[PDB]
>>> print(open('run_4.tsv').read())   # TSV, C-alpha atoms and all ligand atoms
chain	number	residue	atom	x	y	z
G	700	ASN	CA	107.10	24.57	4.01
G	701	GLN	CA	109.09	27.76	3.56
G	702	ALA	CA	108.63	28.05	-0.21
G	703	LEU	CA	104.90	28.81	0.05
G	704	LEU	CA	105.50	32.18	1.78
G	705	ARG	CA	107.03	35.13	-0.11
G	706	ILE	CA	109.69	37.14	1.73
G	707	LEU	CA	109.39	40.61	0.22
G	708	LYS	CA	111.69	43.63	0.11
G	709	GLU	CA	110.33	47.15	0.53
G	710	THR	CA	110.97	47.91	-3.16
G	711	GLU	CA	108.90	44.92	-4.29
G	712	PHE	CA	105.57	46.44	-3.23
G	713	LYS	CA	103.98	49.89	-3.37
G	714	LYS	CA	100.91	51.26	-1.58
G	715	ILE	CA	98.39	53.10	-3.78
G	716	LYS	CA	95.51	54.01	-1.45
G	717	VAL	CA	93.90	53.02	1.84
G	718	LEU	CA	91.21	50.35	1.79
G	719	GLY	CA	90.34	50.26	5.48
G	720	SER	CA	91.52	49.75	9.04
G	721	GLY	CA	91.90	46.40	10.76
G	722	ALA	CA	92.07	45.85	14.48
G	723	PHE	CA	95.88	46.07	14.46
G	724	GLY	CA	96.84	47.83	11.23
G	725	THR	CA	95.90	49.65	8.06
G	726	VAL	CA	95.02	47.78	4.86
G	727	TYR	CA	96.14	49.36	1.59
G	728	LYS	CA	95.45	48.74	-2.05
G	729	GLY	CA	98.78	48.34	-3.76
G	730	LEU	CA	100.99	46.80	-6.39
G	731	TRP	CA	103.31	43.84	-5.99
G	732	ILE	CA	106.31	44.12	-8.30
G	733	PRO	CA	108.43	40.96	-7.97
G	734	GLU	CA	112.13	41.61	-8.45
G	735	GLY	CA	113.46	40.86	-11.92
G	736	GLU	CA	109.94	40.39	-13.27
G	737	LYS	CA	107.81	42.24	-15.81
G	738	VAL	CA	104.69	41.90	-13.62
G	739	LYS	CA	102.87	44.45	-11.44
G	740	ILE	CA	100.23	42.54	-9.47
G	741	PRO	CA	97.37	44.28	-7.61
G	742	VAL	CA	97.45	43.20	-3.96
G	743	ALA	CA	96.15	44.11	-0.53
G	744	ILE	CA	98.82	45.24	1.95
G	745	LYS	CA	98.23	45.24	5.69
G	746	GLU	CA	100.81	47.02	7.82
G	747	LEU	CA	100.63	46.23	11.51
G	748	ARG	CA	101.10	48.98	14.05
G	749	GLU	CA	104.64	48.83	15.36
G	750	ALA	CA	105.26	47.11	18.70
G	751	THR	CA	101.67	45.90	19.00
G	752	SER	CA	102.73	42.27	19.54
G	753	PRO	CA	105.06	40.86	22.23
G	754	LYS	CA	106.40	38.18	19.86
G	755	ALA	CA	109.59	38.89	17.90
G	756	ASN	CA	109.79	38.70	14.11
G	757	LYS	CA	111.24	35.19	14.30
G	758	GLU	CA	108.04	33.85	15.87
G	759	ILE	CA	105.72	35.97	13.72
G	760	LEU	CA	107.36	34.63	10.55
G	761	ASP	CA	106.94	31.06	11.81
G	762	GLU	CA	103.23	31.79	12.31
G	763	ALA	CA	102.90	33.37	8.85
G	764	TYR	CA	104.12	30.14	7.22
G	765	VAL	CA	100.93	28.46	8.48
G	766	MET	CA	98.74	31.19	6.97
G	767	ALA	CA	100.56	30.67	3.66
G	768	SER	CA	99.81	26.92	3.47
G	769	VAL	CA	95.99	26.93	3.41
G	770	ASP	CA	94.66	25.41	0.18
G	771	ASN	CA	90.91	25.95	-0.19
G	772	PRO	CA	88.78	27.93	-2.69
G	773	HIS	CA	86.86	29.75	0.08
G	774	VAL	CA	89.80	30.57	2.37
G	775	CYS	CA	92.21	33.46	1.93
G	776	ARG	CA	95.93	32.67	1.86
G	777	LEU	CA	98.87	34.82	2.88
G	778	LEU	CA	101.03	35.67	-0.14
G	779	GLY	CA	104.01	37.52	1.33
G	780	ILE	CA	105.48	39.18	4.40
G	781	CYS	CA	107.99	42.00	4.99
G	782	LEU	CA	109.87	42.03	8.33
G	783	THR	CA	111.12	45.53	9.24
G	784	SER	CA	110.42	47.36	12.49
G	785	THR	CA	106.80	46.63	11.46
G	786	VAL	CA	105.31	43.51	9.86
G	787	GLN	CA	103.63	43.98	6.46
G	788	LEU	CA	101.35	41.30	5.02
G	789	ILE	CA	100.62	40.91	1.30
G	790	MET	CA	97.57	39.14	-0.08
G	791	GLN	CA	95.71	38.98	-3.38
G	792	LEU	CA	93.28	41.82	-3.97
G	793	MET	CA	89.56	41.03	-3.88
G	794	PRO	CA	88.19	43.69	-6.24
G	795	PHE	CA	84.61	43.69	-4.91
G	796	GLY	CA	85.57	44.20	-1.27
G	797	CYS	CA	84.03	42.66	1.83
G	798	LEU	CA	80.63	40.97	1.73
G	799	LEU	CA	79.13	43.38	4.27
G	800	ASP	CA	79.69	46.40	2.03
G	801	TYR	CA	78.60	44.41	-1.04
G	802	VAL	CA	75.17	43.42	0.26
G	803	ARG	CA	74.68	47.04	1.33
G	804	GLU	CA	75.70	48.45	-2.05
G	805	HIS	CA	73.64	45.87	-4.01
G	806	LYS	CA	70.60	45.40	-1.73
G	807	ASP	CA	68.07	45.89	-4.54
G	808	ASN	CA	69.58	43.39	-7.01
G	809	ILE	CA	70.26	40.41	-4.71
G	810	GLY	CA	68.01	37.37	-4.92
G	811	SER	CA	67.62	34.19	-2.91
G	812	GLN	CA	70.07	32.17	-5.03
G	813	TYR	CA	72.98	34.49	-4.23
G	814	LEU	CA	72.25	34.56	-0.50
G	815	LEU	CA	72.02	30.79	-0.10
G	816	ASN	CA	75.11	30.33	-2.29
G	817	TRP	CA	77.09	32.57	0.07
G	818	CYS	CA	75.94	30.61	3.12
G	819	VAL	CA	77.21	27.37	1.55
G	820	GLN	CA	80.59	28.80	0.54
G	821	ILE	CA	81.25	30.38	3.95
G	822	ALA	CA	80.34	27.10	5.67
G	823	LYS	CA	82.68	25.26	3.29
G	824	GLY	CA	85.58	27.57	4.14
G	825	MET	CA	84.86	27.31	7.87
G	826	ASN	CA	84.56	23.52	7.59
G	827	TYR	CA	88.01	23.40	5.96
G	828	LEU	CA	89.47	25.51	8.78
G	829	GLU	CA	87.97	23.17	11.38
G	830	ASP	CA	89.56	20.25	9.53
G	831	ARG	CA	92.91	22.06	9.71
G	832	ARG	CA	92.46	22.64	13.49
G	833	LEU	CA	92.38	26.42	12.97
G	834	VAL	CA	89.97	28.54	15.03
G	835	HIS	CA	88.85	31.78	13.40
G	836	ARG	CA	87.81	33.84	16.48
G	837	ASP	CA	86.70	36.86	14.40
G	838	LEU	CA	84.17	35.56	11.84
G	839	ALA	CA	81.91	38.29	10.47
G	840	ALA	CA	80.54	39.57	7.19
G	841	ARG	CA	83.35	42.14	7.18
G	842	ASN	CA	85.87	39.26	7.05
G	843	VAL	CA	84.25	37.56	4.02
G	844	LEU	CA	85.80	38.96	0.84
G	845	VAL	CA	84.33	38.88	-2.66
G	846	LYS	CA	86.70	37.84	-5.45
G	847	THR	CA	83.72	37.67	-7.82
G	848	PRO	CA	80.03	38.06	-6.88
G	849	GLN	CA	79.55	34.27	-6.51
G	850	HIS	CA	83.03	33.39	-5.19
G	851	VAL	CA	83.75	34.45	-1.61
G	852	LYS	CA	86.69	33.72	0.69
G	853	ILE	CA	87.12	33.95	4.46
G	854	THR	CA	89.98	36.07	5.81
G	855	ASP	CA	91.80	37.06	9.02
G	856	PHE	CA	91.46	33.85	11.02
G	857	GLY	CA	93.65	33.18	14.03
G	858	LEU	CA	94.81	36.80	14.08
G	859	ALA	CA	94.35	37.34	17.83
G	860	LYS	CA	96.24	34.19	18.80
G	861	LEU	CA	99.08	34.85	16.34
G	862	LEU	CA	100.07	38.21	17.86
G	875	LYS	CA	89.08	45.92	21.04
G	876	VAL	CA	87.12	42.66	21.29
G	877	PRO	CA	84.18	41.95	18.90
G	878	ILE	CA	81.48	41.34	21.50
G	879	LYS	CA	78.46	41.39	19.19
G	880	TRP	CA	79.76	38.42	17.16
G	881	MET	CA	81.14	36.25	19.98
G	882	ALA	CA	79.54	33.21	21.54
G	883	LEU	CA	78.55	33.66	25.17
G	884	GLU	CA	81.23	31.27	26.44
G	885	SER	CA	83.80	33.44	24.64
G	886	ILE	CA	82.51	36.61	26.31
G	887	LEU	CA	82.28	35.09	29.79
G	888	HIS	CA	85.22	32.66	29.74
G	889	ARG	CA	87.49	33.55	26.77
G	890	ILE	CA	86.88	30.12	25.23
G	891	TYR	CA	87.28	29.85	21.46
G	892	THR	CA	86.39	26.57	19.71
G	893	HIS	CA	85.07	25.57	16.29
G	894	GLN	CA	81.59	25.53	17.84
G	895	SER	CA	82.34	29.05	19.05
G	896	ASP	CA	82.87	29.92	15.38
G	897	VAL	CA	79.45	28.40	14.59
G	898	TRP	CA	77.85	31.13	16.72
G	899	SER	CA	79.68	33.84	14.76
G	900	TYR	CA	78.64	32.17	11.50
G	901	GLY	CA	75.03	32.47	12.65
G	902	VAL	CA	75.48	36.21	13.15
G	903	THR	CA	77.22	36.47	9.77
G	904	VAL	CA	74.22	34.85	8.07
G	905	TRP	CA	71.98	37.27	9.98
G	906	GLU	CA	73.96	40.18	8.52
G	907	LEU	CA	73.42	38.84	5.00
G	908	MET	CA	69.71	38.11	5.45
G	909	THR	CA	69.16	41.67	6.69
G	910	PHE	CA	71.36	43.04	3.86
G	911	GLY	CA	74.01	44.42	6.20
G	912	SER	CA	72.17	45.56	9.33
G	913	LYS	CA	74.16	45.98	12.53
G	914	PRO	CA	73.51	43.25	15.12
G	915	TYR	CA	72.06	44.56	18.38
G	916	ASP	CA	71.92	48.04	16.87
G	917	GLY	CA	71.90	50.74	19.54
G	918	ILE	CA	72.79	48.35	22.39
G	919	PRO	CA	76.12	48.91	24.19
G	920	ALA	CA	78.56	46.01	24.08
G	921	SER	CA	78.69	45.88	27.89
G	922	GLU	CA	75.00	44.84	27.99
G	923	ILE	CA	75.27	42.06	25.38
G	924	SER	CA	76.09	39.30	27.88
G	925	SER	CA	73.10	40.28	30.03
G	926	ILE	CA	70.83	40.24	26.96
G	927	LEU	CA	71.98	36.77	25.86
G	928	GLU	CA	71.61	35.44	29.40
G	929	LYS	CA	68.01	36.71	29.43
G	930	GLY	CA	67.28	34.58	26.36
G	931	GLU	CA	67.13	37.38	23.81
G	932	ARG	CA	68.62	36.76	20.38
G	933	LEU	CA	68.81	38.55	17.05
G	934	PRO	CA	65.30	38.97	15.60
G	935	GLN	CA	64.06	36.96	12.65
G	936	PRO	CA	64.99	38.66	9.36
G	937	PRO	CA	61.84	39.31	7.31
G	938	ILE	CA	63.01	37.45	4.19
G	939	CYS	CA	63.77	34.29	6.16
G	940	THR	CA	61.18	31.55	6.38
G	941	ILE	CA	60.82	29.65	9.65
G	942	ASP	CA	63.12	26.86	8.44
G	943	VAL	CA	65.99	29.29	7.81
G	944	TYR	CA	65.70	31.23	11.08
G	945	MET	CA	65.61	28.07	13.20
G	946	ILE	CA	69.02	27.00	11.84
G	947	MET	CA	70.72	30.29	12.73
G	948	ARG	CA	68.79	30.21	16.02
G	949	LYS	CA	70.37	26.82	16.74
G	950	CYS	CA	73.81	28.36	16.15
G	951	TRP	CA	73.04	30.56	19.20
G	952	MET	CA	72.38	27.85	21.78
G	953	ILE	CA	74.09	28.17	25.16
G	954	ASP	CA	75.60	24.68	24.82
G	955	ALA	CA	78.27	24.93	22.13
G	956	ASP	CA	78.13	21.18	21.43
G	957	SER	CA	74.37	21.37	20.80
G	958	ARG	CA	74.99	23.81	17.94
G	959	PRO	CA	75.14	22.50	14.36
G	960	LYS	CA	78.45	21.45	12.89
G	961	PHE	CA	79.75	23.21	9.80
G	962	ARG	CA	79.43	19.93	7.90
G	963	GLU	CA	75.72	19.92	8.73
G	964	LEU	CA	75.33	23.60	7.83
G	965	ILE	CA	76.83	22.89	4.40
G	966	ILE	CA	74.23	20.18	3.77
G	967	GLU	CA	71.28	22.18	5.11
G	968	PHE	CA	71.99	25.29	3.03
G	969	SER	CA	72.89	23.31	-0.10
G	970	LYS	CA	69.45	21.67	-0.03
G	971	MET	CA	67.78	25.06	0.35
G	972	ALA	CA	69.91	26.39	-2.52
G	973	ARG	CA	68.06	23.90	-4.75
G	974	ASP	CA	64.70	25.61	-4.08
G	975	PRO	CA	65.66	29.15	-3.04
G	976	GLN	CA	62.17	30.61	-3.54
G	977	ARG	CA	60.78	28.20	-0.93
G	978	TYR	CA	63.09	29.40	1.86
G	979	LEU	CA	63.72	33.11	1.19
G	980	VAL	CA	60.92	35.55	0.37
G	981	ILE	CA	62.37	38.56	-1.48
G	982	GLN	CA	60.53	41.26	-3.39
G	1001	LIG	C1	84.29	45.42	4.75
G	1001	LIG	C2	85.80	45.49	4.47
G	1001	LIG	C3	86.49	45.50	3.10
G	1001	LIG	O1	87.19	44.56	2.90
G	1001	LIG	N1	86.36	46.54	2.08
G	1001	LIG	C4	87.06	46.53	0.79
G	1001	LIG	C5	88.04	45.58	0.50
G	1001	LIG	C6	88.72	45.56	-0.71
G	1001	LIG	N2	89.74	44.57	-1.05
G	1001	LIG	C7	90.47	43.72	-0.10
G	1001	LIG	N3	91.14	42.69	-0.58
G	1001	LIG	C8	91.82	41.88	0.23
G	1001	LIG	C9	91.82	42.13	1.59
G	1001	LIG	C10	91.10	43.22	2.05
G	1001	LIG	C11	91.06	43.52	3.55
G	1001	LIG	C12	91.47	42.66	4.56
G	1001	LIG	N4	91.28	43.27	5.71
G	1001	LIG	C13	91.58	42.74	7.01
G	1001	LIG	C14	90.77	44.50	5.52
G	1001	LIG	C15	90.41	45.50	6.46
G	1001	LIG	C16	89.89	46.71	6.02
G	1001	LIG	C17	89.72	46.93	4.64
G	1001	LIG	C18	90.07	45.95	3.72
G	1001	LIG	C19	90.60	44.71	4.17
G	1001	LIG	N5	90.44	43.98	1.20
G	1001	LIG	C20	88.44	46.52	-1.66
G	1001	LIG	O2	89.13	46.47	-2.87
G	1001	LIG	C21	88.54	47.17	-3.92
G	1001	LIG	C22	87.46	47.48	-1.39
G	1001	LIG	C23	86.79	47.49	-0.18
G	1001	LIG	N6	85.77	48.51	0.07
G	1001	LIG	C24	84.38	48.13	-0.10
G	1001	LIG	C25	86.10	49.91	-0.21
G	1001	LIG	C26	85.88	50.68	1.10
G	1001	LIG	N7	86.86	51.71	1.39
G	1001	LIG	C27	87.59	52.16	0.22
G	1001	LIG	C28	86.20	52.83	2.04
G	1002	LIG	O1	97.44	39.06	6.39
G	1002	LIG	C1	96.31	39.02	6.80
G	1002	LIG	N1	95.25	39.89	6.26
G	1002	LIG	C2	95.50	40.89	5.19
G	1002	LIG	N2	94.53	41.76	4.71
G	1002	LIG	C3	95.07	42.62	3.66
G	1002	LIG	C4	96.42	42.32	3.43
G	1002	LIG	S1	96.89	41.14	4.40
G	1002	LIG	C5	95.97	37.99	7.94
G	1002	LIG	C6	95.52	36.66	7.32
G	1002	LIG	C7	95.61	36.52	5.96
G	1002	LIG	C8	95.22	35.33	5.36
G	1002	LIG	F1	95.30	35.19	3.97
G	1002	LIG	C9	94.72	34.24	6.18
G	1002	LIG	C10	94.64	34.38	7.50
G	1002	LIG	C11	95.04	35.60	8.12
G	1002	LIG	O2	94.96	35.74	9.56
G	1002	LIG	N3	97.18	37.82	8.70
G	1002	LIG	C12	98.17	36.76	8.54
G	1002	LIG	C13	99.28	37.01	9.55
G	1002	LIG	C14	100.46	36.31	9.84
G	1002	LIG	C15	101.31	36.78	10.84
G	1002	LIG	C16	100.98	37.95	11.56
G	1002	LIG	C17	99.81	38.64	11.27
G	1002	LIG	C18	98.96	38.16	10.26
G	1002	LIG	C19	97.63	38.70	9.74
G	1002	LIG	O3	97.10	39.63	10.12
>>> encode(input="run_4.tsv", output="C-alpha cells")
Amino acid sequence: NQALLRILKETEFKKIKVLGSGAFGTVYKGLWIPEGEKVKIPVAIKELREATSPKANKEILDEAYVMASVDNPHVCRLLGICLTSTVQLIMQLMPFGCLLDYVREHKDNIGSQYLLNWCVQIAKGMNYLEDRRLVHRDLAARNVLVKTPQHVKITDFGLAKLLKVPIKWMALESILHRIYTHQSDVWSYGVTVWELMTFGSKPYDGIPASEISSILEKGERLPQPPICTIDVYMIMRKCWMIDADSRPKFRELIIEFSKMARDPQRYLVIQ
C-alpha cells in the first residue's frame, strides 16, 4: 500500500537540533513542512550513514512501506522517507523522549501504577508485532518512546534485518547462534522491565559484553530489583529461561501485568 508512506523532498523537512545517535544514523528534531500546505509539523528525522547498507534504494523503499503500515497505539509508524545518496526517515515527534531517560529524570515521582501500566502497554505493542510476524531484535527501554507519560510506543523494530550488537539485551540463543524469534524478544522485554523497575540502571553494569554469555551459561541473571515483590521478579526471571519456548508469551504477559495493575501496591513496594 504505497499511499501510507510519504515520499519527501529535501525542502519539505528541516532539521532543528540533534536528539541522539542510533546504531546507523543520527536522529534530529525537526519540522515537516508539506508542500503547498500551511502546516509545520514537529517530527523526528533519522539520517542513515551513507553506504552503510548493501541494499539499493529500490529495496529499502520496499521495506519502508512495511514500516508505514503498522496500525497499533503502542507501535511507532514510519511517516516519510527521502531517497538521496542517504536515506532519511521521518516520524512523529515524541516530546517526552525515550522511556529510559524519563524514568531517570522522574525517579522520585513515579509510583507503582505508572510502572505496571508501562509493562502492559509494551507487551501490547510487542504482541501486535508478533501477530504481524515482525521480530524486533533490539527491544530496550531506549527504544520505548513517550508520547505522553501514560502512552508509550515501541520503535526501531526490524532495523537490522532491513539494512555494534546489543549483547546485554539479547537472549542467549541470539548471542550464541544469531537466532531471533518472538520468544527471543520476550527475553529482551524482561530486561526492559528490569530497567524500569530499577529506574534506569544499566544491566550487568561494569561487566564486559564478551563475558555476558559465560555469565548466563553459569546461571547468573539480573538481580531482583528492590521494589519488586517475588511475584513480579519470577515473571521476568521466566523471560530469561534457556528454552525460548518455555518463556511466557506476550499474550500471557499482558494478562499477568494487567491483573497486577489492578492492585499495584500489592506487587511493587515504592517509598
Ligand atoms: C533514549 C532515547 C531518546 O529517544 N531520547 C529523546 C527522544 C526524543 N524524541 C524522539 N521522538 C521520536 C523518535 C526519537 C528517536 C528514535 N531513535 C531511534 C532515536 C535515537 C536517539 C535519539 C532519539 C531517537 N526520539 C526527544 O524529543 C524531545 C528527546 C529525547 N531526549 C530525552 C533528549 C536527549 N538528548 C537531547 C540529549
Ligand atoms: O525510521 C525509524 N526510526 C526513526 N527515529 C527517528 C526518526 S525515524 C525506523 C523505524 C521506524 C518506525 F516507525 C517503525 C519501525 C522502524 O524500524 N526505521 C524504519 C526504516 C525503513 C527503512 C530503512 C531504515 C529504517 C529505520 O531505521
>>> atom_distance(input="run_4.tsv", atom1="atom CA of residue G:727", atom2="atom CA of residue G:742")
8.4 Å
>>> residues_near_point(input="run_4.tsv", point="(61.2, 41.3, 7.4)", cutoff="12 Å", atoms="only C-alpha atoms", output="ChimeraX atom specification")
/G:905,908-910,912,934-941,944,979-982
>>> axis_aligned_box(input="run_4.tsv", around="ligand LIG 1002 (chain G)", padding_each_side="8 Å", output="AutoDock Vina command-line options")
--center_x 97.9 --center_y 38.4 --center_z 7.5 --size_x 22.8 --size_y 24.4 --size_z 24.1
>>> residues_near_ligand(input="run_4.tsv", ligand="ligand LIG 1001 (chain G)", cutoff="9 Å", atoms="only C-alpha atoms and all ligand atoms", output="NGL selection string")
:G and (716-722 or 724-728 or 742-745 or 775 or 789-801 or 804 or 840-846 or 854-855)
>>> closest_residue(input="run_4.tsv", among="G:906, G:896, G:974, G:928", to="residue G:950", atoms="all atoms listed in the file")
G:896
>>> closest_residue(input="run_4.tsv", among="G:883, G:706, G:750, G:862", to="ligand LIG 1002 (chain G)", atoms="all atoms listed in the file")
G:862
>>> residues_around(input="run_4.tsv", residues="residue G:963", least_positions_apart="3", cutoff="12 Å", atoms="all atoms listed in the file", output="ChimeraX atom specification")
/G:819,822-823,825-826,897,946,949-950,958-960,966-970
>>> residues_near_point(input="run_4.tsv", point="(78.3, 34.1, 13.7)", cutoff="9 Å", atoms="all atoms listed in the file", output="PDB file with C-alpha atoms, keeping the file's coordinate frame")
ATOM      1  CA  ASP G 837      86.700  36.860  14.400  1.00  0.00           C
ATOM      2  CA  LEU G 838      84.170  35.560  11.840  1.00  0.00           C
ATOM      3  CA  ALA G 839      81.910  38.290  10.470  1.00  0.00           C
ATOM      4  CA  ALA G 840      80.540  39.570   7.190  1.00  0.00           C
ATOM      5  CA  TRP G 880      79.760  38.420  17.160  1.00  0.00           C
ATOM      6  CA  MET G 881      81.140  36.250  19.980  1.00  0.00           C
ATOM      7  CA  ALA G 882      79.540  33.210  21.540  1.00  0.00           C
ATOM      8  CA  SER G 895      82.340  29.050  19.050  1.00  0.00           C
ATOM      9  CA  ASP G 896      82.870  29.920  15.380  1.00  0.00           C
ATOM     10  CA  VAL G 897      79.450  28.400  14.590  1.00  0.00           C
ATOM     11  CA  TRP G 898      77.850  31.130  16.720  1.00  0.00           C
ATOM     12  CA  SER G 899      79.680  33.840  14.760  1.00  0.00           C
ATOM     13  CA  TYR G 900      78.640  32.170  11.500  1.00  0.00           C
ATOM     14  CA  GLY G 901      75.030  32.470  12.650  1.00  0.00           C
ATOM     15  CA  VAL G 902      75.480  36.210  13.150  1.00  0.00           C
ATOM     16  CA  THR G 903      77.220  36.470   9.770  1.00  0.00           C
ATOM     17  CA  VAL G 904      74.220  34.850   8.070  1.00  0.00           C
ATOM     18  CA  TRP G 905      71.980  37.270   9.980  1.00  0.00           C
ATOM     19  CA  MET G 947      70.720  30.290  12.730  1.00  0.00           C
ATOM     20  CA  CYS G 950      73.810  28.360  16.150  1.00  0.00           C
ATOM     21  CA  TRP G 951      73.040  30.560  19.200  1.00  0.00           C
TER      22      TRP G 951
END
>>> atom_distance(input="run_4.tsv", atom1="atom CA of residue G:708", atom2="atom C9 of ligand LIG 1002 (chain G)")
20.3 Å
>>> closest_residue(input="run_4.tsv", among="G:945, G:923, G:955, G:702", to="residue G:890", atoms="only C-alpha atoms")
G:955
>>> residues_around(input="run_4.tsv", residues="residue G:738", least_positions_apart="6", cutoff="12 Å", atoms="all atoms listed in the file", output="list in words")
residues 711, 712, 730, 731 and 732 of chain G
>>> closest_residue(input="run_4.tsv", among="G:704, G:952, G:920, G:755", to="residue G:783", atoms="all atoms listed in the file")
G:755
>>> closest_residue(input="run_4.tsv", among="G:851, G:918, G:703, G:759", to="residue G:821", atoms="only C-alpha atoms")
G:851
>>> atom_distance(input="run_4.tsv", atom1="atom CA of residue G:850", atom2="atom CA of residue G:818")
11.3 Å
